[PDB]
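Okay, here we've got a single chain as structure tokens, the form deposited in one PDB entry, with questions on binding and movement later.
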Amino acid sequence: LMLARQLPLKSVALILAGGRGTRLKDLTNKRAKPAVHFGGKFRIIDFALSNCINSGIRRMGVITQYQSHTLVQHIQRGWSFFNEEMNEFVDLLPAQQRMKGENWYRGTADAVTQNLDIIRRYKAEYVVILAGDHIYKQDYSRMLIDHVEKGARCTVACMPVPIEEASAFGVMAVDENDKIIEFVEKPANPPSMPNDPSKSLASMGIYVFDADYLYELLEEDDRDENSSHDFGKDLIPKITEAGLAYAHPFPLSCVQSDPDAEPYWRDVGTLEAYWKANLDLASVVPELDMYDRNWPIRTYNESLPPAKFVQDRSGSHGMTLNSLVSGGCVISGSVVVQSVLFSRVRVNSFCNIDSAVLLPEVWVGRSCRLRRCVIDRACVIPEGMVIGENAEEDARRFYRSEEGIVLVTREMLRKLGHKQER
């Protein structure tokens, strides 16, 4: 008794919010992938932070490494609501990751070593290593209980995924005790589970270390001159060889409004998945429940007026089907379908928006037809523009993925001669 309440209390979260999101390819070019707008008013890292609140871990480490100003500002404004006198705080740890090191060189692990003295000053018994550019719902206290029950030194959150995409994350092979037998990091030919050939038991980048080991284990890897200083390439394979690595099935701890559904864990890294995962919310029955009161997700909530709908220049009405319209939006006529409008979006008359993601402060000119697109923050689409109808034009002007999703950025439009400053 009195373990699940005294386990978060002794533990500290370390959100590795340094992802470059290179597969968004322009969207995160300007801001860290943890700061990517998602689903109304939220930011991706909020998820990884909210799970730490609702799981009782009120001591978090936000390790900002690349292009991190908006993440710093966002944390400062929204999550600067803790009294540090009662051991509950979001320590924003600038990583200052070595410039000598290239993109993902002096990797994930080298950023948690540079700030090791400050982590030691926390005197935690346990530590929660997290990837803070993912979307999921999880109670980390259930994972800490499952970590202490097994008497392990590292606990990896493992989930079965399709074997056609399992090369993107580390793949493990476990025994009856969920103890790791074999870890392999980004394999070209992922091994399947024994019971399921079409699936692979992949890691989720959610580790739980006992602190005194983690420290003892980082320095050995820090002195190493051959390692990539990466949690998947170097540390977890070593712990697997030692035999002190255990697995945690994510279905045990995922926070689901409805128990019947398949666990929800979206690795947003590619544009087409960002678009899909933003449009899941606009559907008739979303897979991710934002209206869950048992498990609320918090963000920086600014004072916006209600979403205003008005008549077009001709005086007619506007139609909306399966759409999200956040605060500050203004709409005039303009049939909307399957789309998601972030804050302060102005859509003038005669517009047809279908399956679009409009990031904050967009200005859509009159008579615009937008389809299967992602409009970056603070764009100004000119009058008469047409996107998504002719594929070759959209590839020629904007970034069009192989699937058909289009990404419209200020830069692209500036280059087209449509002046943006407004």
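Shifts are known only where both forms have a C-alpha. Here the rigid core means the biggest group of C-alpha atoms that line up within 1.5 Å when the two forms are laid on top of each other. Residue numbers run from 1 along the displayed sequence.
Among the other PDB entries of this protein that were compared and that flank it with modelled residues, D139 is modelled in all, so it is never left out in a third of them. Compared against other deposited entries of this protein, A124 counts as consistently modelled, with coordinates in all of those that resolve the residues around it and thus below the third mark.
This protein has a second form, the form deposited in another entry, left out of what is shown; the following refers to that one.
Put simply, after the core is superposed between the shown form and the other one, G101 is the one residue in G101, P162, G243, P305 with a Cα shift of at least 2 angstroms. Between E102 and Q114, the Cα distance is smaller in that other deposited form than in this structure, by no less than 3 angstroms. With a change of no less than 3 Å, the CA-CA distance between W104 and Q114 is smaller in that other deposited form than in the form shown. Core superposition between the shown form and the other one reveals a single run of 3 or more residues with every CA shifted by 2 angstroms or more: 95-106.
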